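One chain follows as structure tokens, the form deposited in one PDB entry.
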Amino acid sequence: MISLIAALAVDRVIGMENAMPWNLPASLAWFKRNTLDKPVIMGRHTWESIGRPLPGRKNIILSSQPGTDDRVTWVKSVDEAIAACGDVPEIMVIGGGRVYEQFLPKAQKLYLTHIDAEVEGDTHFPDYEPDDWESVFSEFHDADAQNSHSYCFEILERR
């Protein structure tokens, strides 16, 4: 089963290249809890923003360009990315935009962090008609001394 995990600002704006203007360690903990011990597929820009292999996960980079680093798996197509995962219960696709667009059709679950931040951006998370998806869990949190903005975790299942 393929799942997409994303952090979205108002209007579904997502990061493109530069780091997003927010500080949400609680959201990063949610991210870690949901991807640990699973294969993660990301595009090149996401890899650069991360800056190192995520520990405890099989890191797969989908890109047309060459594999800089030997610590991760470089793939050139969706098929190859899938194959590289082997046979596991759940594959996590962590972005960016183009990567999400390529896997959404095959996706069965969405883990989303909705953040109350108005960011100007070009890229948006693909349009999902939540009537093709059942929202199964939603939990809101206010901003605090450690988290810059209000955020809401949501899990949606493909119906």
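One-based numbering along the sequence shown.
The following text describes the form deposited with a small molecule bound, which does not appear among the structures shown.
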key: 4.5 Å heavy atom contact, residue 95 and the small molecule in the deposited complex   = yes
task = Verify the contact flag for residue 62: yes if a non-hydrogen atom of it lies within 4.5 Å of a non-hydrogen atom of the small molecule in the deposited complex, no if not.
result = yes
task = Look up in the deposited complex whether residue 45 has a non-hydrogen atom within 4.5 angstroms of the small molecule, and give yes or no.
result = yes
key: Heavy atom of residue 91 within 4.5 Å of the small molecule in the deposited complex   = no
query = in the deposited complex, do 2, 108 and 110 all reach within 4.5 Å of the small molecule through at least one heavy atom apiece?
reply = no
